[PDB]
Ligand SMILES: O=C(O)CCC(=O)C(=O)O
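Taking the form deposited without the named molecule, here's one chain by itself in structure tokens.
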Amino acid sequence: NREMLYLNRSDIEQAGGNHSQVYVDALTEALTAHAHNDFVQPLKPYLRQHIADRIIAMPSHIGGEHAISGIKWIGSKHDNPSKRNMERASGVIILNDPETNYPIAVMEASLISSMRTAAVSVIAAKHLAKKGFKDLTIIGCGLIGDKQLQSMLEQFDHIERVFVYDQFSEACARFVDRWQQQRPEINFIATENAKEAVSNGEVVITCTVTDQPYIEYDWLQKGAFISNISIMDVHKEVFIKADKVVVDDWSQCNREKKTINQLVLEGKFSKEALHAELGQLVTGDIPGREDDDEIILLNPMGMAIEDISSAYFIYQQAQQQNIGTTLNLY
């Protein structure tokens, strides 16, 4: 019979998707396959009927000993939390057996999506953050910020303070209150503005939904690593002044015309100026942080192979634990 496994968010959590390790492990493998160019990843088509209101199709194939195909079909409505009391992002991931191309799994996407994006920060930090760093900064208190924080805390037990800013001060206060209770020994500090938050972080993670940059280069401590997960938060000067700029995929960043492409089109950046793709750091191909004064920027577009790899890892754990609903295709 042609069957598929359906995994809702509860099943995904039950199968290990509520903690970072599975994502770190999945993405380490996927980033390795990426550095060996053993994947295929078409440009993501956006469906706009805000730069946030859209549904994005993210297909990819990851080659290798355990190859997998699939697509993340993920949408957002800026309005959902405020007007409808629903999460902003929603979606499904479909997995496909590359032997037959048949769909084999239908899974909830939003948890997986935000967890894999947090694992991006984790893996980058393992390579690019100062060793033993004590101060973490989160900008933006949504579900992205929440998974970013959860994952950093799981992966780096030396974090002692967390600086937190959201321009909706209310969202900030609720976020700090819950986390302060979740982790009583860690000092969570709600800051009065983004500058205060950024200025204090040895690792800074941007998790907002604006498209105007506010982060200025001189807010950055010497030795800082900034994981610019929400893309548009960082002023252009930062790209020009950081000692190292890392991306997930050069060809994606250099599409017309994202911030890096605009920099290239004037005479201000080039593939030559780029320190690394992330996968290249994973493989030990190119060094990561080399001293403790370097200010280092990661600017990831976000890649389908990350979603499909993660979802696939979780699917196998679910199958092993008899989790999920078996559906018939026919």
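A residue's number is simply how far along the shown sequence it sits, counting from 1.
Missing here is the form deposited with the named molecule bound; even so, the following discussion is about that form.
Trainee: Place the named molecule, as positioned in the deposited complex, onto this chain through superposition of its site C-alphas, and say whether the site is open or blocked according to the 2.4 Å backbone and C-beta criterion (3 or more atoms for blocked).
Mentor: Placed partner leaves the pocket open.
Trainee: In the deposited complex, which of 184 to 192, 95 to 103, 124 to 132, 108 to 116 comes within 4.5 Å of the named molecule (heavy atoms)?
Mentor: Selected stretch: 108 to 116.
Trainee: Counting any non-hydrogen atom inside 4.5 Å, which residue from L31, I68, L297, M58 sits next to the named molecule in the deposited complex?
Mentor: Of the listed residues, the single hit is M58.
Trainee: Tell me, out of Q150, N200, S76, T259, which residue has a non-hydrogen atom within 4.5 angstroms of the named molecule in the deposited complex.
Mentor: The option sitting close enough to the partner is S76.
Trainee: For the three residues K44, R54 and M301, verify that every one has a non-hydrogen atom within 4.5 Å of the named molecule in the deposited complex; reply yes or no.
Mentor: Verified in the deposited complex; spot residues all in contact, yes.
Trainee: Using a 4.5 Å heavy atom cut-off, state whether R88 contacts the named molecule in the deposited complex.
Mentor: Heavy-atom contact with the named molecule at 4.5 Å: present for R88.
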